[PDB]
Amino acid sequence: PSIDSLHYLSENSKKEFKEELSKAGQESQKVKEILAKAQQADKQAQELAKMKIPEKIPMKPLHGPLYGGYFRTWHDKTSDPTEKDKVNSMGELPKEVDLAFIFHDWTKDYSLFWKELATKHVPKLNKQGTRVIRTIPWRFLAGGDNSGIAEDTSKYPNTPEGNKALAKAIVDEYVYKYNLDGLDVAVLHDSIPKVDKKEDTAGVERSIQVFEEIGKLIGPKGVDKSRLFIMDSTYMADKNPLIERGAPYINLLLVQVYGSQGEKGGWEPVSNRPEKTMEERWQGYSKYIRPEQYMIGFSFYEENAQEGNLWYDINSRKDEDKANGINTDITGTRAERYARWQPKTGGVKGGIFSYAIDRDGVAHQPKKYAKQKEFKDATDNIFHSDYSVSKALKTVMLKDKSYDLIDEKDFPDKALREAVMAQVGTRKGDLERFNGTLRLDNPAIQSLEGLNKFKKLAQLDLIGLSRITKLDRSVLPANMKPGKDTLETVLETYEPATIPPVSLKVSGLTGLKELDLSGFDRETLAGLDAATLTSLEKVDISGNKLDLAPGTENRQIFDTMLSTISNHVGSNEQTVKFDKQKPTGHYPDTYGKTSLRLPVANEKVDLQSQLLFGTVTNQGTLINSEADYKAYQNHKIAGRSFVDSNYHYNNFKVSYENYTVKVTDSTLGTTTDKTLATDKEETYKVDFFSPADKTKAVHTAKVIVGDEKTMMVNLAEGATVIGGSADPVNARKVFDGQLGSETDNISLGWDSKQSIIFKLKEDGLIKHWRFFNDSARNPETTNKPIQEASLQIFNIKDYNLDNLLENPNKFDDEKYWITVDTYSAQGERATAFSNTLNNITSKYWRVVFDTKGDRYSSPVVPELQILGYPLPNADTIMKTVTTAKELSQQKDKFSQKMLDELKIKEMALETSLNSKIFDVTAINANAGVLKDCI
Ligand SMILES: CC(=O)N[C@@H]1[C@@H](O)[C@H](O[C@@H]2O[C@H](CO[C@H]3O[C@H](CO)[C@@H](O)[C@H](O)[C@@H]3O[C@@H]3O[C@H](CO)[C@@H](O[C@@H]4O[C@H](CO)[C@H](O)[C@H](O)[C@H]4O)[C@H](O)[C@H]3NC(C)=O)[C@@H](O)[C@H](O[C@H]3O[C@H](CO)[C@@H](O)[C@H](O)[C@@H]3O[C@@H]3O[C@H](CO)[C@@H](O[C@@H]4O[C@H](CO)[C@H](O)[C@H](O)[C@H]4O)[C@H](O)[C@H]3NC(C)=O)[C@@H]2O)[C@@H](CO)O[C@H]1O
Ligand SMILES: [Ca+2]
Ligand code: NI
């Protein structure tokens, strides 16, 4: 009986039986048993082809806290009847299990477990209410590495039509083949599609398309909605590649959160806080599914588990009790906390599930034996479970008020009750947690009794409710006023949240007579369409944080309601109330003081108080002083003010201490003192910074003491290094505009004196220069300071620039350069040095620094700055100046009269090059006149 002629065995099972052939390939007596079993395996395989899948028992739709479980096929006593220690059966799962997940592995194709499942387990579990679900890995929807059916790439190509063929083939193979109740797709890192044992991106993308086609067949958006379409994952929502396009097609999301990591989250010591927490996890998924579809999972103790697969989600065997492999108490377990857990927002959860439910009741191997790979504990044997833990957990949830149905004692009005259920949910627990939008626009609503049940409602739209006549605290959500979360957590951890007060939109309540919003600390009235509240007779908005100044939207909503009430019953101290306001002072988005001009005097200004100031309400009223706020307290409505008599300018004002400052003079010198001295004529740029950010400024201003000067630029930034002893990679960092961090080595080179040869970016007129000592970057730096330095330009009159450019290193001698300024440290602590330069024009430069330290003395220069203004053709213009001066001495060639006119023009040009306001257009005009006169 060859194995190639068996017909009914799957090619996989045949690939197995022929490998077992190779072993003992010629042993006379073992070549028998392998064929004799490959046959008996074929007899079984053909009994699976001819079994009769029972007719589907119709089942009640899902409802209430659900409890699922993953039964490991290889622990069913029919998986491999030769292993007589496997005693459990999936059919024995009690009615408390709403979802029994077939979790497949190690059970042979030809196993008769599949005939016990189809013809006995499904009928039994179905008659009691338990749905049976097949679990398949992510990779079954794409790729070819263990992709099961999808390995056949010709029958199911990766195309629009191929993906449909694969989706229908999946549902047909794994759902309908045994008349199962639904399909579960597990997306983890372990199940991700691979090829060559490499994560396949083209494979992951195909799986999204195939997942969508499967959803067009089963699940809430498929042709057959009786079958469930479930997804179980370990990814956070922001890392699940299939939730965005997949979520609308699934009935339930099962997040696997085993162990204290799933519950508490992971620690991240850079934040000093936890991440991937239980609350953070669902908040991510709350964008894609309703909370009633969310199900959190734990794990029972799997036999012979090793490091990485030990979760301790159920109680552990006591170290003394060495014979007791069993523990069925839920008290103090992670699973029992998971059953009672409810998110803080949205609503209550679908339920919980357990992995390896065939191990229900088995205690956990003590933590101390985790690393002993071969230690066989009492809890590592196989037991028959009566599923006591599963029953105990299910009843815990089933007996939780959170899942009590919303009834007429919450909302006596039917029209309101039907709308709450349409938009919020159907559980009392959903009122304590729903943080979305409730739109009550059906005018049949006769009463708003019950709305006070809402604790976290984000927005409430009351539209066209003609039968409503009163609105006050008793018939509005409880979060109308600020408050903190009151739902206590049942989980473990290592402050409560703020409840954003509700946004109240009201429009078309023509029957509304009284509006009482007092004592809620409301920030605005936005949402009130006062032009529609036509029957309003009594209004009270006192004791809030409203800015009722004229011109505001708040005042106009108020004026409108006051006008309506003034045609119905009259405005008076009883029908209209508004006082006791405490508007919230905010920082402005912008500030108006963009320039401050002072005379040159020996005074002192506080830059903060003179440029950055002012508090603004959320209505846009700017208060810039204690004087404006008294004009504000002076605003009167019906003869009296609306600001609380106890709310002073000190309370309303926003504080500007902690705000830093970055002053920059016209030579690009920098300070950081709020105090400035007007003793020196100079022009400064001032940037202010909030404590929360020191890179994006909140306000820029321009202080001008005396005659305004144009601000210089760092013409050296971006300069090209072409020489110098100094390390060219590091050299170029002196032109990089920032000082740097003290992690980066910026040492120029080995010996104690180092040059840098460089060319400026664009032409320019240079008027200043500055080099920073190392103390500018880190004040505690151990790199000694520069003792002596020289800045030089290239002797272009005598030497050829082209010779320099062809062999720039040859020219590292001061004979080829001209010195324009030398620095010599006198021995005093200096963070930087700066000095003027005489309208230099050269494009090519050479600097040297010297710490004077015999050896091991490294020149460290954060940044070298050659400052000035941009000026195209500085060469020619400055060349023209020096010509008129020469001519003016040749008093024999030119008459005195010719020279006096030329002198005025040469003088005029020099004046424009050294003017405080640099004007390139005037310069060119003068230098053009001068060259023309020559
Ligand atoms: C998705 C999900 O549910 N989330 C995770 C769980 O996945 C996770 O549970 C584990 O699941 C393992 C099985 O998962 C596989 O199936 C699911 C569903 O189809 C897939 O989603 C998943 O990716 C796994 O896929 C399977 O992978 C294998 C390996 O590749 C495929 O077959 C092999 O594939 C390779 C290529 O990679 C190659 O081609 C090979 O030839 C091929 O055989 C397989 O095809 C693929 N699925 C299919 C059908 O497509 C469980 O195994 C795991 O449980 C084992 O380990 C725990 C450790 O604590 C034990 O407690 C537990 O009892 C079990 O032990 C194993 O028992 C069998 C029973 O006999 C032992 O077999 C023996 O092995 C011997 C050699 O060691 C001899 O060969 C002997 O003849 C043989 O009988 C086996 O050795 C035991 N192994 C161990 C480790 O003890 C676990 O339940 C859980 C984990 O916490 O978390 C969930 O959230
Ligand atoms: Ca630098
Ligand atoms: Ni062990």
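Where a number appears in this text, it was derived from the coordinates with a stated rule and is not lab data. In this analysis, Cβ positions are derived from the backbone assuming ideal geometry, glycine residues included, and neighbour counts consider all displayed protein chains.
Among 148, 107, 832, whose Cα lies farthest out toward the positive end of the dipole of the chain, if unit charges sit on the beta carbon of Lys, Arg (+1) and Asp, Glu (-1)?
Value computed over the given set: 107.
Sorted by average packing, counted as other Cβ atoms within 10 angstrom per residue and highest first, what order do 173-183, 76-86, 587-597 take?
Packing proxy ranking, top to bottom: 173-183, 76-86, 587-597.
From the helices alone, meaning DSSP H stretches of at least four residues, give me the mean residue ellipticity at 222 nm for the chain, per-run term -39500 (n - 2.57), in deg cm²/dmol to the nearest 500.
Mean residue ellipticity at 222 nm (helix-derived): -6500 deg cm²/dmol.
Measure off 7 Å from each Cα along the Cα-to-Cβ vector at residue 418 and residue 729, then give the distance between these two points in nanometres to one decimal.
7.6 nm
Apply the Karplus parameterisation 6.51 cos²θ - 1.76 cosθ + 1.60, with θ equal to phi minus 60°, to every residue of segment 166-176 and state each ³J(HN,Hα) to the nearest whole Hz, in sequence, with x for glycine and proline.
6, 4, 4, 5, 4, 4, 5, 7, 10, 10, 6
Once each part is reduced to its C-alpha centroid, what is the distance from segment 40-78 to segment 735-779 in angstrom?
76 Å
Round to the nearest 0.05 the FRET efficiency obtained for residue 653 and residue 744 when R0 = 41 Å and r is the Cβ-Cβ distance.
Computed FRET efficiency for residue 653 and residue 744: 0.45.
Which one, 661, 356, 714, projects farthest toward the positive side of the charge dipole computed for the chain from Cβ point charges (K/R +1, D/E -1)?
Of the listed residues, the answer is 356.
What would the Debye formula give as log10 I(q)/I(0) at q = 0.12 Å⁻¹ for the alpha-carbon point model of segment 793-892, no solvent?
Log10 of I(q)/I(0), two decimals: -0.60.
What span do the alpha-carbon atoms of segment 457-586 cover on each of the three principal axes, reported in whole Å from largest to smallest?
Reported extents, whole Å, longest axis first: 61, 35, 23.
Rounded to the nearest 20 Debye, what is the dipole magnitude of segment 186-305 about its Cα centre when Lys and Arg each give +1 and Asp and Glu each give -1 at the C-beta?
Result for segment 186-305 is approximately 360 debye, rounded to the nearest 20.
Out of residues 5 or more away from residue 868 or on other chains, whose amide H comes under 5 Å of its own, with H placed 1.01 Å from N in the peptide plane?
The list, which skips near neighbours in sequence, is 713, 715, 767.
Could you give each residue of segment 258-269 its phi-based ³J(HN,Hα) in whole Hz, using Karplus coefficients 6.51, -1.76, 1.60 with θ = phi - 60°, and x for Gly or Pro?
7, x, 4, 5, x, 7, 6, x, x, 8, 10, x
Hey, quick one: spin label on residue 261, modelled 7 Å out along Cα-Cβ, who in segment 310-341 has an amide N within reach, i.e. under 15 Å?
Counting backbone N atoms under 15 Å from the label point, the list is 310-313.
Using unit Cβ charges (K, R positive; D, E negative) and no other charged atoms, how large, in debye to the nearest 20, is the dipole of segment 809-934 about its Cα centre?
Using Cβ point charges on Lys, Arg, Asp and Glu, segment 809-934 gives about 180 debye.
Using only the Cα atoms of segment 51-194, build the gyration tensor, take square roots of its eigenvalues as a ≥ b ≥ c, and label the shape rounded, prolate or oblate: rounded if a/c is under 1.5, else prolate if a/b is larger than b/c, else oblate.
In terms of gyration-tensor shape, prolate.
I want to check the label-to-label distance for residue 437 and residue 812. Put each point 7 Å from Cα in the C-beta direction and report it in nm to one decimal.
7.0 nm
Can you tell me which of 6-18, 327-339 comes out highest on packing, and rank the rest after it, using the mean Cβ neighbours within 10 Å?
Descending packing order for the listed peptides: 327-339, 6-18.
Using +1 at the Cβ of each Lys and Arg and -1 at the Cβ of each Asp and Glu in the chain, identify which of 388, 870, 729 lies farthest towards the dipole's positive end.
The residue sitting farthest along the positive end of the dipole is 388.
Which of 152, 516, 358 comes first, and how do the rest follow, when ranked by fewest Cβ neighbours within 10 Å?
Ascending number of Cβ neighbours within 10 Å: 152, 516, 358.
Let me know the shape class of segment 234-318, please: from the alpha-carbon gyration tensor, a ≥ b ≥ c as square roots of the eigenvalues, rounded when a/c is under 1.5, otherwise prolate if a/b is greater than b/c, or oblate.
Since a/c reaches 1.5 but b/c is at least a/b, the shape of segment 234-318 is classed as oblate.
So what is Rg over Rh here for segment 574-637, counting just Cα atoms and using Kirkwood for Rh?
1.14
At a 10 angstrom cut-off on C-beta neighbours, averaged per residue, how do the peptides 220-228, 807-815, 341-349, 61-69 rank from highest to lowest?
341-349, 61-69, 220-228, 807-815
Counting pairs of Cα atoms in segment 603-710, how many percent are more than 18 Å apart?
Above the 18 Å cut-off, segment 603-710 has 58 percent of its Cα pairs.
In segment 354-391, which chymotrypsin sites (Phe, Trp or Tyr not before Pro) are in a loop and have at most 14 other Cβ atoms within 10 Å, using DSSP for the loop call?
Qualifying residues, ordered by number: 375.
Residue by residue through segment 729-745, which ³J(HN,Hα) values in whole Hz follow from phi under the Karplus form 6.51 cos²θ - 1.76 cosθ + 1.60 (θ = phi - 60°), with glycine and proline marked x?
4, 7, 2, 4, 7, 6, 10, 9, x, 9, 6, x, 8, 7, 7, 6, 6
From the Cα gyration tensor of the chain, with a ≥ b ≥ c the square roots of its eigenvalues, which class applies: rounded if a/c is under 1.5, or else prolate if a/b is larger than b/c, or else oblate?
oblate
Rounded to the nearest 5, what % of the DSSP beta bridges within segment 469-608 are antiparallel ones?
In segment 469-608, DSSP labels about 20 percent of beta bridges as antiparallel.
Sorted from fewest to most neighbouring beta carbons within 10 Å, what does the list 229, 918 look like?
By the 10 Å Cβ count, ascending, the order reads 918, 229.
Which loop-located GluC sites (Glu not before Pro) does segment 383-452 contain, where loop means any DSSP state but H, G, I, E or B and the Cβ has at most 14 other Cβ atoms within 10 Å?
408
With a cut-off of at most 16 other beta carbons within 10 Å, and DSSP calling the residue loop, which trypsin sites (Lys or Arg not before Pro) in segment 832-934 qualify? Please list them.
Answer in residue order: 852, 855, 891, 893, 916.
Separation between the residue 18 and residue 625 pseudo-spin-labels, each 7 Å from Cα along Cα→Cβ, expressed in nm?
Here the modelled spin labels are 9.8 nm apart.
Which cross-chain or sequence-distant (5 or more) residues have an amide H under 5 Å from the amide H of residue 683, H modelled 1.01 Å from N in plane?
Under 5 Å from the amide H of residue 683: 666, 709.
Would you work out the charge dipole size for segment 40-166 about its Cα centre, treating the Cβ of every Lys and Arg as +1 and the Cβ of every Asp and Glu as -1, and quote it to the nearest 20 debye?
Using Cβ point charges on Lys, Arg, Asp and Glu, segment 40-166 gives about 540 debye.
What translational diffusion coefficient, to the nearest whole µm²/s, does segment 351-398 have by Stokes-Einstein, given a Kirkwood radius computed over alpha-carbon pairs, a temperature of 37 °C and 0.692 mPa s viscosity?
Once the numbers are plugged in, D ends up at 263 µm²/s.
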